[PDB]
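Reading the structure
What follows is the residue order along each chain.
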Amino acid sequence: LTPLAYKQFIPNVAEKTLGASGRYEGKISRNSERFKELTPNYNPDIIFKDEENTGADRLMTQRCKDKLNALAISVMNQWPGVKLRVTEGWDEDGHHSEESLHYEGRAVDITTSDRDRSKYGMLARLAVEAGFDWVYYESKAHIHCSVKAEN
Amino acid sequence: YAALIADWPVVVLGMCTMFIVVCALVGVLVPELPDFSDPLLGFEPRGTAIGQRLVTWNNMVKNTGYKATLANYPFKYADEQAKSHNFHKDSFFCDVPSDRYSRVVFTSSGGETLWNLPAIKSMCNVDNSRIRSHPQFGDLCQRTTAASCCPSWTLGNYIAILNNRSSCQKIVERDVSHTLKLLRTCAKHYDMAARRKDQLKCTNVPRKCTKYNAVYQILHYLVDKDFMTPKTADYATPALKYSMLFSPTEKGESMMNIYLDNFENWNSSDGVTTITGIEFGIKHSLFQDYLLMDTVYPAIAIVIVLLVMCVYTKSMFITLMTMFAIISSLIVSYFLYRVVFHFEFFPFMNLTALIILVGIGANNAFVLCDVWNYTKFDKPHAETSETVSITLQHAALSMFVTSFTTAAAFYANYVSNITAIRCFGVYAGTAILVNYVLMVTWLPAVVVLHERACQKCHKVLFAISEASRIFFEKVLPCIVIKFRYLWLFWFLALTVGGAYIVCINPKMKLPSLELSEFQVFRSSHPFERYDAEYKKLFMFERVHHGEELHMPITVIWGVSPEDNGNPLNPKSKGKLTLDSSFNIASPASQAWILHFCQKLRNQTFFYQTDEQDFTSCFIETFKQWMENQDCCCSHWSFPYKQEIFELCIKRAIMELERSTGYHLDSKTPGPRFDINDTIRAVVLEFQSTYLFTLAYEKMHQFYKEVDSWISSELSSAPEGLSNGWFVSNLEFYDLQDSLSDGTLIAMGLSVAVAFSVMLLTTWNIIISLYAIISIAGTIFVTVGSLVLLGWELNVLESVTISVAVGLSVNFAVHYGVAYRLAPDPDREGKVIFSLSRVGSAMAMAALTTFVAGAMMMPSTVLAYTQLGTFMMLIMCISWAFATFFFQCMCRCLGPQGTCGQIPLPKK
Ligand SMILES: CC(C)CCC[C@@H](C)[C@H]1CC[C@H]2[C@@H]3CC=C4C[C@@H](OC(=O)CCC(=O)O)CC[C@]4(C)[C@H]3CC[C@]12C
Ligand SMILES: CC(C)CCC[C@@H](C)[C@H]1CC[C@H]2[C@@H]3CC=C4C[C@@H](OC(=O)CCC(=O)O)CC[C@]4(C)[C@H]3CC[C@]12C
Ligand SMILES: CC(C)CCC[C@@H](C)[C@H]1CC[C@H]2[C@@H]3CC=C4C[C@@H](OC(=O)CCC(=O)O)CC[C@]4(C)[C@H]3CC[C@]12C
Ligand SMILES: CC(C)CCC[C@@H](C)[C@H]1CC[C@H]2[C@@H]3CC=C4C[C@@H](OC(=O)CCC(=O)O)CC[C@]4(C)[C@H]3CC[C@]12C
Ligand SMILES: CC(C)CCC[C@@H](C)[C@H]1CC[C@H]2[C@@H]3CC=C4C[C@@H](OC(=O)CCC(=O)O)CC[C@]4(C)[C@H]3CC[C@]12C
Ligand SMILES: CC(C)CCC[C@@H](C)[C@H]1CC[C@H]2[C@@H]3CC=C4C[C@@H](OC(=O)CCC(=O)O)CC[C@]4(C)[C@H]3CC[C@]12C
Ligand SMILES: CC(C)CCC[C@@H](C)[C@H]1CC[C@H]2[C@@H]3CC=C4C[C@@H](OC(=O)CCC(=O)O)CC[C@]4(C)[C@H]3CC[C@]12C
Ligand SMILES: *[C@@H]1O[C@H](CO)[C@@H](O)[C@H](O)[C@H]1NC(C)=O
Ligand SMILES: *[C@@H]1O[C@H](CO)[C@@H](O)[C@H](O)[C@H]1NC(C)=O
Ligand SMILES: *[C@@H]1O[C@H](CO)[C@@H](O)[C@H](O)[C@H]1NC(C)=O
Ligand SMILES: [Zn+2]
């Protein structure tokens, strides 16, 4: 229940590891084969970024989708009148670094509604609470949460 | 052929070699190399009217939802507008064990007292030395240190933690006895997979003295296999002779390098105990590697059969040349297979056909060379052209029939429904035919081309040849005539015993293990010694496997069962869905679907669990979600005018997802809509009460009664066509059924063609029926021996049944065609003459393949030793039976009653 500090990985080990994260497998396009694995969230209580207007965030991995919904409903309790903001769920234009998990869809960078500072630090530990795999304080601008995939 | 073969064999030899080399180059150039990725490459049947439905269902599950523009049947994603925009002391176990992680069970040595404390410490340390002492990516690494992330996941860790020590090996062993009593008292309790992250538990606690999240582990997942519920006595403390160890890592293709480099050469573990079960998930992976490597046993086979071919006829060069002829025939047959007919596959068994191929080859050359020597014996100072003509006239047709028999055998095996044997059949059949033609052309040439301290060895060769001669000259006739009833009675009794072991006693039975676990390696190999001897000794596995898995009823409407998959011999790849021409929207349509669910709510196989909300048919779900006013859609009839229907279906299901979305991952009752807004398929399911067996009969009763009912559709014109579609997970059922029916019908066609060619050769009904008796007795006793060795049917030992008949008639045909030199007695002299004439021929023609398969035996990949043993048995039996019997019965029958139509044919 602490405001997770700057640059703090909760699983205590780097992302590309079989502990809660595994490793990257393959790219995904709008027409790739494995793209079927992705689903839209469309939970109206959450506000999306959608700077690409193609739904780069509004869709994700169902395994990650359920966990994100869990975090949404759990932070609605501890913080009222908030609207969580996923800045980048799945990147295809490449706004992130290469071979990044965001390209896979097992990860999403999360911020609060009104762009608050200490709320990020607490929200990281909250993302831990909902049961997320590799929540890392990637940037001061966004909280980075990444999940393992099934199969 | 004979016209210009006279002293001009170089031309035909050269054109044959050119043919061979060009076909080899084409075969290695144009088609794509075979995969050998998975042995079970094509086991799933095709075109069997159920596998049709099954493959369509699977193809459908493939084209599932894609978040935006799924572009297939799945869902409603179009409406996205929505009118808006350890080394530690404790707490040391990161996760709980599961099937996902890799595992290894340990067996004790002669000490057999597994609760020995050095046994435990040795277990853990040898495990870590043999596994962890290698470059390892790691494990979950809950802490920062990636080394002692998950310590060995062993029971030693458990006893250490009950001792509450940061070090597993340090064990005074008193706590071992304490926890021994504890485990006894706990096995008394039946004691849950509690969370227990803290001491307090929501469920009732049988006893706090049971350490949280510890005893249930040893009792249910860990080394304990003997189920540890004896109620005998403290003195009766067993050893738990079987023990299991999970790997701190996880099972997957990656572990392949570790097992290969680090865990094969090791003869065993240690004198205290040793490995017996190595389940690392990586079985199909390294399979092909053992295949490649363990291929020198066929090399020993081919070289020893070449050697004995030399022994037979001293013309060593002829032996080498006919061997190369066999091999080249294999090659050109492969070329014809993959290329000429544009169909390609290679199901791992064609790399076993080669043995019986070279057997039949060497068979068909002996007869030719011996006929050549016979015709050279008389009138040797004659014309080479005439010699060729006469020896050909006397041997070629014999060769042709004695090969065309097995040719037709395999071209009959084609009729089955397994792909992984359709391909084998066609390939080996064209192979044997091309072998015959290449022999009948090539061999004459190379034969006629043979224009051409050692003394004592040559003398022993001469003497042993004369010994064989006299043995076949006096001994065998003496035996068969002097008994003339003993062998016949003995073989009647053996046929009886065979029919008995196949009929009522432990008999031929369908496969038992699950599809993906066909024992592919030698049963003594650890990987599969895991299965069939240990998997059924573990609480989690056993109590998980075959337990309360109610198979689901299921039905479709949107699609039609058309396997667009290269129907005739698919490549085990290639499928494509489609759409029907129905409309769910009609008022009578949804009314009928409702009434359908109603009727199905009255049946026997149903199981009214009464816990569902959204899993059964969604029409009643509408009904409940209806009467929702002021949105607007409410206050209507239970049927609808298709308009409220079309507007409300998407609206409502989207609102169900909006309330609390639950994943619908192409298994749910979720109706199917496409990229643009239209519902297309109406999948819905149920729950049966049959508990997912594996044996045939229960599944058959189930599927038969169920499809019997659902076939009665009697629906309205819309969605009334071929919509039956009832399909469970009964794939294994389909494999089994088609395997049985296929081996049956194939055996039938094989015996039919054998009897027909027996007619066409001997022209006597009587001796043909007698040969039929012969081959029937042979196949019966050999399959009886097989089942005595506990050999279920599979993709492999099915074709063996049918090929056995072809291999068997190969001797009866000779003993039948040999009814010449009609003596005064109707029986006496003719049979002894035939026997003395064909003795060495048949005996060597058998012993060759016998010794081939015999030296083949000790290997690792199952298929090899399987085929080796089968051929050894079938050849031994076919020879001995054929001779002894098919003369004994003939000794007591007069075959001078026949039917002749034209005397023109010769042989
Ligand atoms: C390499 C393979 C795949 C193709 C070629 C195989 C045969 C066509 C070759 C191999 C060995 C050759 C033989 C090697 C030696 C001789 C002996 C030679 O004898 C003489 O010239 C007779 C001399 C005399 O006695 O006066 C005649 C050619 C011949 C039969 C050769 C004919 C062609 C043969 C059979
Ligand atoms: C000795 C000859 C005259 C008769 C016996 C032939 C066999 C030894 C051949 C025939 C088919 C061959 C197989 C055909 C295809 C493959 C797949 C091929 O796959 C690869 O090359 C991928 C992996 C790698 O690069 O090693 C490896 C060899 C292998 C198993 C071959 C192993 C050797 C086999 C069994
Ligand atoms: C004509 C002489 C040379 C004897 C040939 C004997 C075999 C080599 C033949 C007999 C049956 C044949 C098969 C009969 C039918 C087919 C299906 C055919 O594919 C289709 O018909 C696909 C569906 C369609 O288009 O109708 C591909 C060849 C194949 C396997 C044939 C392969 C060659 C076979 C095994
Ligand atoms: C299904 C296919 C692949 C079978 C191919 C078999 C042919 C290679 C064989 C079968 C019948 C054979 C023929 C059977 C009988 C004769 C007659 C023979 O001459 C005589 O008998 C005439 C003198 C006399 O009467 O003694 C010369 C060989 C020849 C043409 C044989 C040549 C080789 C033939 C065509
Ligand atoms: C070499 C030939 C002459 C004999 C052996 C080949 C087949 C005739 C055998 C081998 C496997 C046997 C089958 C193995 C197991 C079963 C299941 C068994 O199931 C039942 O008893 C349920 C009721 C039913 O199947 O009708 C029925 C016999 C059957 C189909 C057997 C029928 C006879 C088969 C096909
Ligand atoms: C009296 C003379 C003329 C008999 C000549 C033939 C025998 C030497 C053959 C016939 C059947 C053979 C047996 C067939 C099968 C086997 C099983 C084989 O072991 C396995 O295949 C085990 C497989 C498994 O673990 O299931 C060991 C050899 C053995 C006993 C063979 C030993 C040699 C036998 C007795
Ligand atoms: C009269 C004999 C000496 C010669 C003529 C018969 C033999 C050539 C063959 C015919 C059938 C064979 C039998 C077929 C099957 C078996 C079962 C096989 O059983 C086992 O190895 C496993 C036994 C078990 O564990 O149940 C042992 C060899 C044996 C008796 C074989 C021994 C050799 C036999 C008698
Ligand atoms: C060979 O196996 C035995 C167990 O049967 C084992 O004691 C011995 O150590 C092994 N050989 C070597 C060199 O380790
Ligand atoms: C189903 O059967 C029960 C018992 O016979 C009966 O009460 C009920 O009305 C039936 N319902 C339908 C729809 O047939
Ligand atoms: C689907 O319907 C839309 C109209 O909304 C049309 O533009 C599109 O071409 C249709 N696509 C297919 C594959 O029928
Ligand atoms: Zn990120």
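Residues numbered from 1 in each chain as written, not as in the entry; some residues may be left out. Chains lettered and ligands numbered in written order. Heavy atoms only, no water. Residues with missing side-chain atoms left out of burial classes, pairs and counts.

For this coordinate set, the PDB header names cryo-EM as the determination method and states a resolution of 4.07 Å.

Helix and strand counts for chain B stand at 27 helices and seven strands. Each of the three principal axes of chain B carries a C-alpha extent, and together these read 110 × 80 × 55 Å. (Helix = DSSP H or I, 4+ residues; strand = E, 2+ residues; numbered from the N terminus.)

Another aspect to go through is the overall build of chain A. A tally of helices and strands in chain A yields three helices and seven strands. Starting at the N terminus, the α and β elements of chain A follow one another as β-β-β-α-β-α-β-α-β-β. Overall, the C-alpha framework of chain A stretches about 40 × 35 × 25 Å when taken along its three principal axes. Contacts in chain A between residues at least 24 apart in sequence constitute 65% of all its contacts with a sequence separation of at least 6. (Contact = heavy atoms within 4.5 Å.)

Right, let's get into the UniProt feature "binding site: Ca(2+) 2" in chain A. All names here are of chain A. Under the feature "binding site: Ca(2+) 2", the UniProt entry names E52, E88, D91 and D93. Spanning 42 residues, the named residues form one tight spatial group whose C-alpha atoms are at most 11.1 Å apart. By the secondary structure assignment, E88 is in strand 4 (residues 85–88). Of the residues examined, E88 reaches a relative accessible area of 9% and is grouped as buried. Within the local environment of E88, its side chain forms a polar contact with the side chain of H95, the two groups lying 2.9 Å apart. Mapped onto the fold, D93 is located in the loop between strand 4 and helix 2 (101–104). In terms of polar contacts, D93 uses its side chain to reach the side chain of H95, at 3.2 Å. (UniProt positions renumbered as here; feature names shortened; annotations may be inferred. Buried < 20%, exposed > 50% of the residue type's maximum accessible area, 1.4 Å probe, protein only. Polar contact = N/O pair within 3.5 Å; in protein donor to acceptor, adjacent residues only side chain to side chain.)

A few words on the pattern of salt bridges. Any two side chains of opposite charge can pair if their charged atoms end up close together. A complete count under the given rule lists 15 salt bridges over all chains for this structure. Between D563 of chain B and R46 of chain B there is a salt bridge, with the nearest N and O atoms lying 2.4 Å from each other. Pair check on accessibility: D563 of chain B and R46 of chain B agree, each one buried. Overlapping salt bridges bring together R34, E37 and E104 of chain A as one network. (Salt bridge = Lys/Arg side-chain N within 4 Å of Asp/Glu carboxyl O.)

Turning next to unusual backbone geometry. All names here are of chain B. Phi at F36 is positive, roughly 55°, even though this residue is not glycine. Topologically, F36 is positioned in the loop between helix 2 (10–29) and helix 3 (51–62). Although it is not a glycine, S666 sits at a positive phi angle of roughly 55°. Following the sequence through the fold, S666 ends up in the loop between helix 21 (643–660) and strand 5 (672–673). The exposure class assigned to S666 is buried, which follows from its relative accessible area of 10%.

All names here are of chain A. Protein coordination at the zinc ion (ligand 11): the donors are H102 (NE2), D109 (OD), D109 (OD), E138 (OE) and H144 (ND1), at 2.1 to 2.8 Å from the metal. Among the residues examined, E138 registers a relative accessible area of 22% and is labelled partly exposed. Assessed through its relative accessible area of 6%, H144 is described here as buried. (Donors = N, O, S within 2.8 Å, 3.2 Å for Na, K, Ca; no water.)

Residues and elements named next belong to chain B. As a matter of local geometry, ligand 4 sits amid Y1, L392, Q393, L397, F400 and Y436. Between ligand 4 and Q393 there is a distance of 3.5 Å, counted from an oxygen atom to a side-chain nitrogen or oxygen. Within the complex, the protein chains bury 41% of what would otherwise be the 750 Å² of accessible surface of ligand 4. The biggest single contributor to the shell around ligand 4 is helix 13 (residues 384–413), with four residues. Classifying every residue of the shell around ligand 4 by side-chain character gives five nonpolar, one polar and no charged. (Near = heavy atom within 4 Å. Areas by Shrake-Rupley, 256 points an atom, 1.4 Å probe, with all protein chains shown as cover. Nonpolar A, V, L, I, M, F, W, Y, C, P; charged D, E, K, R; others polar.)

As a further point, take the site of ligand 5. All names here are of chain B. Taken together, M508, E697, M747, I779, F780, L793 and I801 form the complete shell of residues around ligand 5. Out of a free accessible area of 720 Å², ligand 5 has 55% covered by protein chains. In terms of residue class, the shell around ligand 5 is made up of six nonpolar, no polar and one charged.

Our focus in this paragraph is the packing of helix 16 (residues 486–503) of chain B against helix 27 (residues 862–891) of chain B. All names here are of chain B. Here helix 16 crosses helix 27 at 120°, and the two axes come no closer than 9 Å. As summarised for this structure, helix 16 and helix 27 are arranged oblique, according to the angle between their axes. Both helix 16 and helix 27 take part in a crossing whose hand is left-handed. In this structure, helix 16 contributes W487, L488, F491 and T495 to the contact, and helix 27 contributes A880, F881, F884, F885, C888 and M889. Of the residues contributing to the contact of helix 16 with helix 27, the split by class is nine nonpolar, one polar and no charged. (Axes fitted to C-alpha atoms, helices over the stretch in contact; angles between N-to-C directions. Parallel < 35°, antiparallel > 145°, perpendicular 65-115°, else oblique. Left-handed = near helix turned anticlockwise from the far one by under 90°.)

Further remarks concern the interface of chain A and chain B. The extent of an interface is frequently quoted as the accessible surface area lost upon association of the parts. The partner chain B presents 21 residues to the 20 residues of chain A that form the contact. At three residues, the largest contribution of residues to the side of chain A that touches chain B is made by strand 1 (residues 38–40) of chain A. Of the residues contributing to the side of chain A that touches chain B, the split by class is 10 nonpolar, five polar and five charged.

This part is about empty space enclosed by the protein. Residues and elements named next belong to chain B. The calculated volume of the largest cavity comes to roughly 220 Å³. Taken together, 13 residues line the largest cavity, and the ones lying closest to its centre are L155, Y158, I159, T179 and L183. Secondary structure elements with two or more residues in the lining of the largest cavity: helix 5 (155–163), helix 6 (174–188) and helix 7 (215–220). Each pocket or cavity is described by its volume, and for the second largest cavity that value is around 110 Å³. Every residue lining the second largest cavity is listed: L368, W372, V388, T391, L392, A395, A396, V440, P444, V447 and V448. Listed by contribution, the elements that provide at least two residues to the lining of the second largest cavity are helix 12 (350–377), helix 13 and helix 14 (419–449). Among the elements that make up the lining of the second largest cavity, the one with the highest residue count is helix 13 (five residues). Grouping the constituent residues of the lining of the second largest cavity by class yields 10 nonpolar, one polar and no charged. (1 Å grid on protein atoms, 1.4 Å probe; cavity = no way out; pocket = protein on both sides within 12 Å on 5 of 7 lines; lining within 4 Å. Points joined across faces, edges and corners; volume = space filled by probe spheres on them.)

Residues and elements named next belong to chain A. Given a rise of 1.5 Å per residue, 12 residues ought to cover 16 Å, and the 17 Å separating the end C-alpha atoms of helix 3 (residues 118–129) matches this to within 8%. Listed in full, the buried residues belonging to helix 3 are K119, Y120, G121, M122, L123, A124, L126 and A127. Its buried side turned inward, helix 3 meets helix 1 (62–78), strand 4, strand 5 (107–111), strand 6 (134–136) and strand 7 (143–146). Just beyond helix 3, the residue with positive phi is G131, at close to 105°. (Expected span 1.5 Å × (residues − 1).)

This part takes up the UniProt feature "binding site: Ca(2+) 1" in chain A. All names here are of chain A. UniProt annotation of "binding site: Ca(2+) 1" refers to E51, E52, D57, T87 and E88 when read in the numbering used here. Sequence-wise these annotated residues cover 38 residues; spatially they are packed, their C-alpha atoms never more than 10.8 Å apart. For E51, the position within the fold is in the loop between strand 2 (47–48) and strand 3 (59–61). If sequence neighbours within four positions are ignored, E51 has contacts with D57, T87 and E88. Classification of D57 by relative accessible area gives buried; the value is 3%. Excluding residues that lie within four positions of it along the chain, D57 makes contacts with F48, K49, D50, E51, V86, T87, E88 and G89.

Now for the side chain of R672 of chain B. Residues and elements named next belong to chain B. Relative to the elements of secondary structure, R672 occurs in strand 5. Summary of buried charges: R672 has no salt-bridge partner, and the nearest side chain of opposite charge, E685, is 8.0 Å away. Reaching out from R672, the side chain makes a polar contact with the backbone oxygen of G670 at a distance of 2.8 Å. (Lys, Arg positive; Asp, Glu negative; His and termini not counted.)

Moving on, we come to the side chain of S102 of chain B. In this fold, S102 of chain B is placed in strand 1 (residues 101–108). If near-sequence neighbours (up to four positions away) are discounted, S102 of chain B is found in contact with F246, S247, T249, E250, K251, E279 and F280 of chain B.

All names here are of chain A. The alternating pattern of strand 7 places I143 and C145 and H144 and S146 on opposite faces, both of which are buried. Where strand 5 meets strand 7, four bridges bridge the pair, whose relative direction is antiparallel. Within the sheet, the bridge partner assigned to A107 lies in strand 7 and is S146. Taken together, the three bridges between strand 6 and strand 7 define a ladder with antiparallel strand orientation. Bridge assignment links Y136 to a residue of strand 7, and that residue is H144. Linking two consecutive strands that pair antiparallel, namely strand 6 and strand 7, is a turn of six residues. (Pairing = 2+ DSSP bridges.)

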